[PDB]
Structure formats: structure tokens, C-alpha cells
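Lettering of chains follows the sequences in order, A, B, ..., and the numbering in each one begins at 1. All ligand and atom numbering here is 1-based and tracks the order in the structure. Any value given below was found using the heavy atoms of this structure, including those in side chains, with hydrogens, waters and symmetry copies removed.
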Amino acid sequence: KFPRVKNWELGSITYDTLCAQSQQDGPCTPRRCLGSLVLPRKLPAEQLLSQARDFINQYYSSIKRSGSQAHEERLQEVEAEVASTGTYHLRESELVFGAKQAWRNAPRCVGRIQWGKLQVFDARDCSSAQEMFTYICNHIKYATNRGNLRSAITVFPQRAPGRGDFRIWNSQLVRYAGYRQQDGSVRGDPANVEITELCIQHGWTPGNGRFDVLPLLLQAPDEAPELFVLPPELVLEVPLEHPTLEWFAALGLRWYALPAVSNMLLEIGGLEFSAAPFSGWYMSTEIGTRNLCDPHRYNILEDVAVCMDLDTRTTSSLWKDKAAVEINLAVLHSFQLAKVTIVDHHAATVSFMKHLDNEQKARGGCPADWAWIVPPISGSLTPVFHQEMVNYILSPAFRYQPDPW
Amino acid sequence: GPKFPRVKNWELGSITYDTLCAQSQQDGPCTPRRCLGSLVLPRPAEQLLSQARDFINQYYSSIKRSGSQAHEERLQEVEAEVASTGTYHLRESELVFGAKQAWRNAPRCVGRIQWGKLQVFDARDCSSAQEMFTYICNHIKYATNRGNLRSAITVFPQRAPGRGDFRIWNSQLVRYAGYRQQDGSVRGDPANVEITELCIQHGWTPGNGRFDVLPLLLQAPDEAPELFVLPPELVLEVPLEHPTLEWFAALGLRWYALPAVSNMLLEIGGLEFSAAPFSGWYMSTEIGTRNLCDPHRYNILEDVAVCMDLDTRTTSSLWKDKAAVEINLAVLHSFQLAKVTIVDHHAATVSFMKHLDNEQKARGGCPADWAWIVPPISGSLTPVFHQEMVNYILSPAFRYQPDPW
Ligand code: HEM
Ligand code: HEM
Ligand SMILES: Cc1ccnc(CCc2cccc([C@@H](N)Cc3cc(C)cc(N)n3)c2)c1
Ligand SMILES: Cc1ccnc(CCc2cccc([C@@H](N)Cc3cc(C)cc(N)n3)c2)c1
Ligand SMILES: C[C@H](O)[C@H](O)[C@H]1CNc2nc(N)[nH]c(=O)c2N1
Ligand SMILES: C[C@H](O)[C@H](O)[C@H]1CNc2nc(N)[nH]c(=O)c2N1
Ligand SMILES: [Zn+2]
């Protein structure tokens, strides 16, 4: 049947008909809803062939040349290549279309209003970890752009049956080290403890600060990873200050400008690209609320609350809430002052509402994961909290893959 | 591992498996193709008897007499009764057990650490609207208990073939009028425009303020609903003031102490109690964030922000967030001053985490609706944000039912 989708603030109804074009299973079945799960529950030629055709059809429809002779000849080439070789290759303009669609289709992304504006770097001619580094360095320079951040993706060579994958070991191109103490505690980012240790063990000389940038561990097929230190001028960073609380700068806090995810797999027409790092710009609550305030990250709420002189002995003073708001305010202010692109969670969710409306007219629906779209502070103050959403998997798609160690 | 849903906590790293979802004998809204967990509305003798047997088996396990001779005799008495009459009647202790189990089972309730402490008033002897009113007045006096609130449910007679239902038309026992204005705005609570107008059609003389307490519209089998005014000394209210912002008291805001939901159906062993009003106490975010700041409710955020002198022309000031926090704090402060029971969203969520642990040991799971359990401000600052949840329908249950008009 066809899901009814209601906005509770406005009373308006739509029906998602694009859901029918989904060829997958999500985590849920008749007897129990598993939507809150962060991981879905299980991480031949016919198969590949139908996924290939479907993707070729999406491409030629996108340029309004469906049924053309180009369309039919491309179907024939893909067929002939799969029948002899068990695999095929995309043309560059197909890869570009496919990367944009993968982003468009990502149900957890609030930034999708930007989906048509994505710079795609073809790095499928890469043959060594050394060459991976030069492409990664050029992507960072392009995407950073002295703070006028531009969305980008760099695509390395596809998985092939005979062989190991191209992989970037790091989860993002820029991450801070986390150093485990003999006494349990961590200095830096507890999220990166394991990658930190891998880096030491492949020969990195560690620092001892709270904000030490990690090197990259880059792996070409069936070779041990190699270590590459990013040149410090490539990594733009922003020191955090508050616009009225003078002591805030004293905390010595800072964050990197460029959020660039490097561990997800890109699937397009049945082909899998195991290294395809992509970047955009931050929404302030990622840094302000999750990276700095989560109890298992930098966990700085109590410090800020004491500096603000609040009553910490009791939850009903709403000390955590007042502190979180000021930290988010510091991130926005600080990024604005440094002229580095950032979006607050109100403007981001307003732009996502407009995206749902464009997609309803364009495609008859939009996949969206409510738990990840609604921000982690001030949920019900944003329009997306009051919006029902339907989550489903379309292809092309970004997916999780196993850590390569 | 096991064949049951894996449930992870991402803050602590801990994992459980829910085995309770096995006893869901009834499907939710989701299928393998699509997740519908943010949808708010979820659309025979042998049929009753399987539900009744199921519920009697639950009762007898709960008192540890399963397989007993008393258990077998009750099962037979229930079949005998259904057999001759089409229906059956619950013993007093079975109704008590059933009503607690329905609370315990409710996936959207964050207050369930309290489930075992529910005073059940048995009003199955009621024969008129006048008498429903007396029983509701007694329920309000008992639960309110001058500010020291006590959880309670009153159970009116069950649905019965042919004969009309008992129904309270109001959605809660205490509610504020909403009066549609000529220009098209609403004075009072816009949630309550329909019930307000029905009260007017049925002979109530309406006030014209922002916090006018509504009369109850109470319906006995096969009769026009009758109108009853609550004596105002029964309805405890709390005027709002802020602990440091002296002007906040001047806004003349207030809320009622008792949250008492009156339009849900209580289903136990296939029997349906169409009127069974229940009450607890407030979590502060319900008043402070949803009822006072939702755009479609009292919508007071801009007026507070203007009094705090905030920059309301730009989203990146975080003016919404800072005003919402102060409104929440005024709520907590004011309830505390007045000695009326209230819980903040940090205490509430921490207690719900404890409930989840208790239920893991008692029953091997707990059904929970993540989007409703995570509070509407400060989400990721509560431990429930980081906890995966499995949603499913167990019975006894509270269910929605269509409006009686
Ligand atoms: C341009 C600015 C962008 C913004 C502000 C943005 C915002 C976000 C946010 C806030 C999340 C939530 C992730 C988290 O909480 O961990 C996210 C998830 C995601 N975004 Fe974006 N996004 C942007 C660009 C991109 C780009 C360029 C791509 C790919 C081309 C992308 C693909 C995704 C994907 C795949 C996820 C899902 C991760 C998961 O499933 O775990 N987004 N986005
Ligand atoms: C003791 C204090 C209580 C607290 C703090 C509390 C808290 C809450 C809250 C915040 C919600 C979400 C409400 C909303 O967003 O509209 C809720 C839902 C609910 N609670 Fe409670 N609760 C309490 C007692 C009760 C009692 C006594 C019952 C029944 C005996 C009950 C049954 C429910 C049900 C059935 C729902 C779900 C409503 C739905 O599906 O729309 N709770 N609870
Ligand atoms: C559980 C798990 C396993 C594997 N990977 C992940 C997260 C992958 C991820 C993808 C997109 C964005 C983010 C965000 N955390 C980082 C980010 C990236 C971009 C491009 C923009 C932006 N504003 N923020 C993270 C989680
Ligand atoms: C769509 C629809 C149709 C019919 N009813 C509903 C909601 C019914 C409801 C149930 C429980 C709690 C609340 C809450 N809104 C009110 C409440 C009640 C209690 C007992 C405690 C507390 N802290 N807060 C509302 C929705
Ligand atoms: C259990 C829950 O699904 C998990 O904590 C999710 C909740 N929502 C999220 N939303 C975003 N954007 N990012 C996250 O990491 C999470 N974590
Ligand atoms: C669309 C979405 O399901 C809806 O707005 C929900 C979200 N979570 C909520 N959670 C609570 N506790 N109460 C609500 O009214 C809602 N509204
Ligand atoms: Zn689901």
C-alpha cells in the first residue's frame, strides 16, 4: 500500500509513491520496528546485470534521451562486458550522475538541498597509496577553498573479484588523536583511540595534545597500509571563542573546518567503490553538541557549566541545557568570524523542508530517517520534528562497510 | 549471537537482545520494504476467547500459579461465560493487573518506572452521566492530593454488544478553551478548538480568556452527552514565574497540575474499556516546550525572546534555543515553589534507563518508541538518545479510538 505522510504543524498530507521503487529490505518486519538501530541488521551476473540496466536507464532518463540509440547501444555494451568478464565500467559522466544520486538518496542527510552541486573527481586511474595521497591532498585544497567550502567527492578504483580493495583506513580525512591512559581515561577524542593506535604501530610519532591531527593510513590492494602526514597548511582549523563570555577562549578549544567522510562504500549500478571520500561543510550541532558534549567524546559540559557558575548538583537547574546552548553559540560565532562555512540547525532544517517539497514534485517522495534528521538539541523547535518521514533504501547508495583490519 | 533483535547503547558500548518481542501477537506499521516509526497514527467468539485465554495465562503467571487448579478453573469459567453470553467479566484483581500491564506495555511512555504504582478505581457499576461525573471528581481529588500527585486510573463499564459505549468526549480531564477569532487567530489553546465548539453547541456559556478551563462532556450508553462544569477548587493550577527574570511572572502564564488523559481505549483480554481516564504527573518539557512553544500551540517563543532582548531576526543567534530553555526552567521552578509534583527531562530519562534495565531482567525486553521517548529539547544530552529501542505492540494496551461525534 502507499504510505500517508502528515505534517502535524500544518495539517498537510502527501503520499510517498517513490517507496515502491525500493528493491531492498530495511531493518524492520510486521511484528517490530527497528528504525533506531544505527547499523542495519546483517553488514552473480544476472544480479549485476539487472542492477546495471536499471542504472543505465536512470542515467538516460536524467538527460532526456531514454529510448535513444545511445541509450540502447550503452545497454548493449554493458551487457557484452558483463557476459564476458563478469563486471563493467562506468563512463565518467555516468559516475558523476551516480555520485549525485547516492547523496540525494541518503536518508540520514539533512544537507540534501545541495545535492546537485557536487564536484566529482575521477581517481579511478590510481595505482598506489602514494597516488591516493596526492588525490586526497588535491580534494582537501579544492574543498576547503580558504573557508569558502565546496562539496566534493573523489572516487578511487572499484572493487574487483580477484583482489583486495583500495581503502582509506581513517574514518574521516581529518580526525584528532585519542591517547588511552594506563588509567582508562583518554586525552583527545575517545572516538579515535583505535585509529590512533594503528597509526603509532605503523610508525607514527605521537604527540600528546588534545587536538593532534592524525596522519592518513592509505591502502592499495593486498598491501599493508602506508602512513602519510597531511601538511599542516592544508588542514584549516577554527579556534573557538564565545561572543560575550571572555573566559570561553581560555578553554583552548578548536575544531577543523572540513568534514570529510572516508570509510563509506559508494554503490552505483552494481559496482562498489570502497574508497570514495566525500566532503561538505558542518552543521554547528555536530561540533557543538555531539563532538564536544557527548559523554563519550570530549565531554566538556561540566567545565563550561562551572565557568558559567551554574548549579551543577541538580538536574532541575537545567545546567546541561544552558551550557550546551552557549557552546553551540561559540561554534557559530567562531566559524563566522574566521569566514569558514557553517550552517546552524534552524537554517539547515528549514532548507531540508524545502528539499522534501522539491522531491515530492520531482520524484513523488524522499527517503528520510527521522531520528537522524531531527537535530540533537532543540528538536521540537525545528520544523522537521513535526514532519512524518518514510525511510527506505534506493540505489545508487552510500553504505557502511567493515573496518579493513 | 542470538535470533532476536540486537539492541545497542552507543554511549556505553553495551548490547542486549530483545526476546519479549516474541509475544507481540499483533503487527505494527512497518514492512521489509519501508520504515514507518515516525507515523503518529498507526492504521468473533473464537477471537475473544483466544485473547481472553492469553490474558488469563498472563494473570496466573504473574501470581506464579500457572498450571494450578485455580488457573484451569478460571479458563473454563471464561469459556463457559463467553459460550452462553458472547462475552465475559474480569475479577477485580485481574482488572488491577490488566490496567498496570497496559501502562507497562505503552511504548511511548517515558514514565514507566512507576508502572507498579497505579491506584485502580473500579467504576464498572456506573449507570449514568451524573455518576461518571462523581467518579471523575473523586479521581481528580485523589490524584491531585493538594500537589503531591498520585498515579490513578478509573475504569468505567466495558463495551457491550448492542448497547452504546461510555465515553468522555474531552481528550483530557483538564483542558483550556480555544476560541476561533474573526481574523482567524485563536485565543487560548489551538489544540482545543473542536472540543470548545462542541461544548458551546451543547450549551456551555463560553468565556473569552487564554486559560479558561473547559467543562466535561460525558456520555452514557445510548444518550446525548451531558455537560458538567468542574468546580474550580478541584482544578489545581500553577502560575509561572522565572527564578531570576522578574518580568516573566508579568506574562500571566499558567498551567494545570494534573495531566489526565480521557479519550483512550483500554483493552484487556479482548475486553474494551472505552472510558478509562488515567493521570500521573508532568514531565516539564510537555508544558514548557510543546504546549507553550509549539507554533500550533500557545506559540510564545518570540514574545519571550523579545523580553530577553534576543536578536530574533537571525536563526544563528540561537534565540529559539535560549528562550525555550528559560521557559522550561520557569516551569520547573514554578511547580517546585508551588509544591506540585513535576519531573525534569534529565531525571525522567535517567529513570527510564533504569526501567529498561529492570525490564531486561524481568521480561527480556521493553517496547519503546524512540522518537517519543527522546525529549523535544536537549535530546542528545539525555542518556536515551544513545540507546537503541525496539517498538512493538503487546496486550493489555492503551489504544487510540475514533472521536465519539
Ligand atoms: C553540504 C553540507 C552537508 C551537510 C550540512 C550535511 C549534513 C549532514 C548531517 C548533519 C549528517 C548527520 C551525520 C551524523 O550525525 O553523523 C549527514 C549525514 C550524511 N550526509 Fe550529509 N551533509 C552535507 C553534505 C554531504 C555530502 C557532500 C554527502 C555525500 C556526497 C553527504 C552524504 C551524507 C551521508 C551518506 C550521510 C549518512 C551517514 C550515515 O548513514 O551514518 N552529505 N549529513
Ligand atoms: C507517572 C508520571 C508519568 C509521566 C511523567 C508520563 C510521561 C509521559 C509522556 C511525556 C508521554 C509522552 C506524551 C506526549 O508527548 O504527548 C507519555 C505517553 C504515554 N503515557 Fe505516560 N507518564 C506518566 C504516567 C502515565 C500513566 C499513569 C499512564 C497510564 C496508566 C500512562 C500512559 C501513557 C500512554 C498510554 C502514553 C502514550 C500516548 C500515545 O500513544 O499517544 N503514563 N507518558
Ligand atoms: C555508525 C557509523 C559507521 C560508519 N560511518 C558512520 C558515519 C559516516 C558519516 C557520513 C556522513 C556524515 C557524517 C558526519 N558525522 C560528518 C559529516 C560529513 C559531511 C560530508 C558533512 C557533515 N556536515 N558532516 C558521518 C557512522
Ligand atoms: C493522536 C492522539 C489521540 C488520542 N490521544 C493522544 C495522546 C494521548 C496521551 C496519552 C498519554 C500521555 C499524553 C500526554 N500528552 C499527557 C500526559 C498524560 C499522563 C498520564 C502523564 C503525562 N506526564 N502526560 C497524551 C494522541
Ligand atoms: C540510537 C540512536 O538511533 C542513535 O543514538 C542516533 C540517534 N540520532 C542520530 N542522529 C544523527 N544525526 N547522528 C547520530 O549519530 C545519531 N545517533
Ligand atoms: C512526526 C513525529 O512523529 C511527531 O511530530 C512526534 C515526534 N515525537 C513526539 N514525541 C512526543 N513525546 N510527543 C509527540 O507529540 C511527538 N511528536
Ligand atoms: Zn520501522
Item to check | Distance filter under 4.0 Å to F278(B) heavy atoms, resulting ligand 4 atoms | outcome: 20 (C)
Next on the checklist: Any nitrogen or oxygen of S279(A), side chain or backbone, less than 3.5 Å from one on ligand 1?
Outcome noted: no
Next on the checklist: Over 60° means perpendicular and under 30° means parallel, so tell me whether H139(A) and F121(A) are parallel, tilted or perpendicular.
Outcome noted: tilted
Next on the checklist: Regarding ligand 4, does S279(B) bring an N or O atom to under 3.5 Å of one of the ligand's N or O atoms?
Outcome noted: no
Checklist entry - Out of curiosity, is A348(A) lining ligand 1, as in a heavy atom under 4.0 Å away? => result no
Item to check | Heavy atom of the protein closest to atom 18 (C) of ligand 1 (residue, atom name, distance) | outcome: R108(A) O, 3.7 Å
Item to check | Heteroatom distance test (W103(A), ligand 1): nitrogen or oxygen, under 3.5 angstrom | outcome: yes
Checklist outcome for this item: of all protein heavy atoms, closest to atom 38 (C) of ligand 1 is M264(A) SD, 4.2 Å
Item to check | Centroid-centroid distance, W255(A) to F335(A), less than 6.0 Å | outcome: no
Next on the checklist: Ring-plane angle category for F156(A) and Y135(A), please: parallel below 30°, perpendicular beyond 60°, tilted otherwise.
Outcome noted: perpendicular
Item to check | Which residue and heavy atom of the protein sit nearest atom 10 (C) of ligand 4, plus the separation | outcome: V261(B) CG2, 3.7 Å
Next on the checklist: Can you classify the ring geometry of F278(A) versus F398(A) as parallel (below 30°), tilted (30 to 60°) or perpendicular (above 60°)?
Outcome noted: tilted
Checklist entry - Ring centroid separation for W8(A) and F385(A), is it under 6.0 angstrom? => result no
Item to check | Part of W281(B) with heavy atoms under 4.0 Å of ligand 4, whether side chain, backbone, both or neither | outcome: backbone
Item to check | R297(A), CZ atom: more than 12 neighbouring heavy atoms under 6.0 Å | outcome: yes
Next on the checklist: Checking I342(B) against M283(B) for the side-chain contact (heavy atoms from CB on, under 4.5 Å) test, could you report, in this order, the C-alpha distance in whole Å, the side-chain angles of both residues, the deciding distance, and whether it holds?
Outcome noted: CA-CA 6 Å; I342(B) 188 152; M283(B) 181 162 76; over 6 Å; no
Checklist entry - When you measure from atom 7 (C) of ligand 1 to each heavy atom in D369(A), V110(A), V38(A), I153(A), which option holds the nearest one? => result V110(A)
Next on the checklist: With heavy-atom distances below 4.5 Å as the criterion, would you say the side chains of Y298(A) and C293(A) are in contact?
Outcome noted: no
Item to check | Side chain, backbone, both or neither: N263(B) near ligand 4, heavy atoms under 4.0 Å | outcome: side chain
Checklist entry - What distance do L39(B) atom CG and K6(A) atom NZ have between them, rounded to the nearest 0.5 Å? => result 10.5 Å
Next on the checklist: Please tell me whether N328(B) and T289(B) have a donor and an acceptor in their side chains that are separated by less than 3.5 angstrom.
Outcome noted: yes
Checklist entry - For residues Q401(B) and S274(B), is any side-chain donor paired with an opposing acceptor at under 3.5 Å? => result no
Next on the checklist: If the contact criterion is a heavy-atom separation under 4.0 Å, does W115(A) count as touching ligand 1?
Outcome noted: no
Checklist entry - Above 12 or not: heavy atoms from other molecules or residues under 6.0 Å from OH of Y400(B)? => result yes
Checklist entry - Going by heavy atoms, is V40(B) under 4.0 Å from ligand 4? => result no
Checklist entry - For atom 22 (N) of ligand 1, which of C109(A), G280(A), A106(A), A276(A) has the closest heavy atom? => result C109(A)
Item to check | Closest protein heavy atom (residue, atom, distance) for atom 19 (C) of ligand 4 | outcome: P259(B) O, 3.8 Å
Checklist entry - Angle at the Zn ion (ligand 7) between SG of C33(A) and SG of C30(B), to 10°? => result 100°
Next on the checklist: For atom 14 (C) of ligand 4, what is the closest protein heavy atom, and at what distance to 0.1 Å?
Outcome noted: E286(B) OE1, 3.7 Å
Checklist outcome for this item: Under 4.0 Å from one or more heavy atoms of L41(B), ligand 4 contributes atoms 1 (C)
Checklist outcome for this item: Going by the 4.0 angstrom heavy-atom rule, the piece of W281(A) near ligand 1 is both
Checklist entry - Which of the atoms of ligand 4 are close to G280(B), meaning less than 4.0 Å from one of its heavy atoms? => result 20 (C)
Checklist entry - Can you list the ligand 1 atoms lying under 4.0 Å from a non-hydrogen atom of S151(A)? => result 1 (C)
Item to check | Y142(B) six-ring centre to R150(B) NZ/CZ under 6.0 Å and within 45° of normal | outcome: yes
Item to check | Criterion side chain to side chain donor-acceptor pair (under 3.5 Å) on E267(A) and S395(A), from CA distance to verdict | outcome: CA-CA 7 Å; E267(A) 180 266 316; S395(A) 173; 2.5 Å; yes
Item to check | Enumerated ligand 1 atoms positioned under 4.0 Å from heavy atoms of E286(A) | outcome: 10 (C)
Next on the checklist: Whether the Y282(B) and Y256(B) side chains hold a donor-acceptor pair (N or O, under 3.5 Å, no angle test) is what I'd like checked.
Outcome noted: yes
Checklist outcome for this item: Within 4.0 Å of some non-hydrogen atom of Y282(B), the atoms of ligand 4 are 23 (N)
Item to check | atom 4 (C) of ligand 4: the protein heavy-atom neighbour that sits closest, reported with distance to 0.1 Å | outcome: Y400(B) CD2, 3.5 Å
Checklist entry - Out of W372(A), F352(A), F278(A), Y400(A), whose heavy atom sits nearest atom 29 (C) of ligand 1? => result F278(A)
